[PDB]
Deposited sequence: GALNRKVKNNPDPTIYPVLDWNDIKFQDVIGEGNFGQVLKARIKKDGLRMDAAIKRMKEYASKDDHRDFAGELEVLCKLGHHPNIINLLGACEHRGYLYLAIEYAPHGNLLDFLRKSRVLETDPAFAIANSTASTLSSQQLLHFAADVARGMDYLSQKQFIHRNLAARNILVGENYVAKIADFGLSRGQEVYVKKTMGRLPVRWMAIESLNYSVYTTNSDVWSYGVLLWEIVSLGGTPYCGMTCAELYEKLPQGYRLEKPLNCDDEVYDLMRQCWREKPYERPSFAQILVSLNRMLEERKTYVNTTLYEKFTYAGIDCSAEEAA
């Protein structure tokens, strides 16, 4: 749904590392478009769903010499985290940075729309009972027209899902119940989303720069939260803080989040500063992460 003919695929380049994925061009319903194709060895109807503008759409699937190749909507601009980081103009093009009084090629409004974008997608998923379990900047793709898209693959669907650990955990993104007990819910997804939001605001900062994974475990039950960024308005931070409430059911819903962003967007006020003025400080990326 649909079905792709092999003879319409023209592969262009490989993308990433390892599973095994490629950039193609497919023909679908008489139109030519970029796809990303992954080839699996040896669930798809629910994969649309993708019909939503912030969810990587499924384009086609196609059996060829014993394999199933899966074509999905192609994202021109990488994961959101890199995109954001490459936007750090003081570091990548300071002549530009100074001339234009700016710390990013991205604007506060644009930064928020990525937030809204993901917020919106999640809202639509969470209300169809899906649990992402991996919300993080690096896990969001920036798609055509710079519209942020979520990945719908391997999504647990249900009220709650327990997964046993053992690979690496996104500790810095996880909420406490997930930390304590390896359980994920939609409410666990919102916690992660606030870290995503925090990530966006820090133009790609590593959350909890300096702290180690051990330190976090001990300090989070303690009531410790990520520090409000120097470029961030108080309400934006406030919103992050709600996502990180200790009591899961206390946190907001994506609708609530989304409502609140949409308000912020409609105001003329800058909620996320990217303008140099007299001082500006990029959240650390390095650290021992």
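- Unmodelled regions of the deposited sequence, numbered from residue 1: 1-15, 34-35, 60-72, 197, 321-324.
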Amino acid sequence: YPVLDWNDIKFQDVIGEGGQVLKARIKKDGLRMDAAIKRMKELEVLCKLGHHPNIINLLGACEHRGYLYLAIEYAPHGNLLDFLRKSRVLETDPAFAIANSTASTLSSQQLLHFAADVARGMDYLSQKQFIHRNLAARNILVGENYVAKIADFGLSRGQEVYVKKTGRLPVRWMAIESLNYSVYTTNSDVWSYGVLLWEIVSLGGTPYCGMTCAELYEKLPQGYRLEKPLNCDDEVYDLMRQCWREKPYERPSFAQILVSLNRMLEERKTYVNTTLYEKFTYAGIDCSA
From here on, numbers count along this sequence of modelled residues.
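- Averaged over CA atoms, B-factors in the entry run higher in 213-221 than in the other of 97-105 and 213-221.
- In this entry, 44-52 shows the higher mean Cα temperature factor of the pair 44-52 and 227-235.
- Remark: residue 76 belongs to the lowest third of its chain, ranked by C-alpha B-factor as recorded.
- Annotation for residue 162: C-alpha temperature factor in the middle third relative to the rest of the modelled chain, per the entry.
- In this PDB entry, the Cα temperature factor of residue 168 sits in the top third of its chain's modelled residues, the highest group.
- Split the chain's modelled residues into thirds by C-alpha temperature factor. Residue 58 is in the lowest one.
- In this PDB entry, residue 152 carries a Cα temperature factor that places it within the highest third of its chain's modelled residues.
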